[PDB]
Amino acid sequence: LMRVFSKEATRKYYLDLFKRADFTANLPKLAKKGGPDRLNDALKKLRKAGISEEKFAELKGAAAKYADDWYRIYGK
C-alpha cells in the first residue's frame with residue numbers, strides 16, 4: 001500500500017506536468033529544460049507508472065503540441 005501510494009504520487013506528478021504545459025504562459029520556463037521532447041519523454045515515464053490507452057493517446061497528442069510549441073520559438 002505504501003508502494004501503491006508512491007506510484008500514485010509519481011503518476012499525478014507527470015499528469016500535472018502535462019496540465020502545466022497546456023498553458024502558453026508556462027512555456028518559457030518549461031522550455032529551459034529537456035528540449036522539444038520534454039513531454040514526449042515524461043510520457044514514457046508515465047506509461048511505466050500506469051496509464052490507460054485512452055489517456056496515453058490524449059497525452060501523445062499534447063506531447064507533440066509541446067514539441068511544436070518548443071520548435072516555434074527555440075528551434076534552429
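Numbering of residues begins at 1 and proceeds along the displayed sequence.
- Separating the CG atom in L59 from the CG atom in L15 is a distance of 6.5 Å, to the nearest 0.5 Å.
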CA sep, side-chain torsions, deciding dist, call: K60, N40, side-chain contact (heavy atoms from CB on, under 4.5 Å): CA-CA 7 Å; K60 180 167 183 175; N40 281 316; 5.9 Å; no
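- Using a 4.5 Å heavy-atom threshold, the side chains of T10 and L46 count as separate.
- Here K12 pairs with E8 under the salt bridge (charged side-chain N to carboxylate O under 4.0 Å, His left out) rule; sequence neighbours left out.
- Each of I51 and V4 belongs to its own hydrophobic cluster when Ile, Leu, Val, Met, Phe, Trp and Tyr are linked at side-chain heavy-atom distances under 4.5 angstrom.
- The CD atom of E58 lies 14.5 Å from the CD atom of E53; values are rounded to the nearest 0.5 Å.
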Stepwise side-chain contact (heavy atoms from CB on, under 4.5 Å) test for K29 and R20: CA-CA 11 Å; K29 282 175 290 84; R20 164 170 182 229; 4.0 Å; yes
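- A distance of 13.0 Å separates OH in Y14 from NZ in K44, rounded to the nearest 0.5 Å.
- In summary, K19 and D16 engage in a salt bridge, as defined by a charged side-chain N under 4.0 Å from a carboxylate O.
- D69 has a carboxylate O that lies under 4.0 Å from a charged side-chain N of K65, or vice versa, which qualifies the two as a salt bridge.
- Closest heavy-atom contact between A25 and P28: O-CD, 3.5 Å.
- From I73, atom CD1 reaches atom CG of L27 across 5.5 Å, with rounding to the nearest 0.5 Å.
- Sorted by first and then second residue, the ring pair (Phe, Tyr, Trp, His ring centres under 6.0 Å) pairs with a member in residues 55-76 read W70-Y74; sequence neighbours excluded.
- The minimum heavy-atom distance linking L43 with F18 is given by the pair CB-CZ, 3.9 Å.
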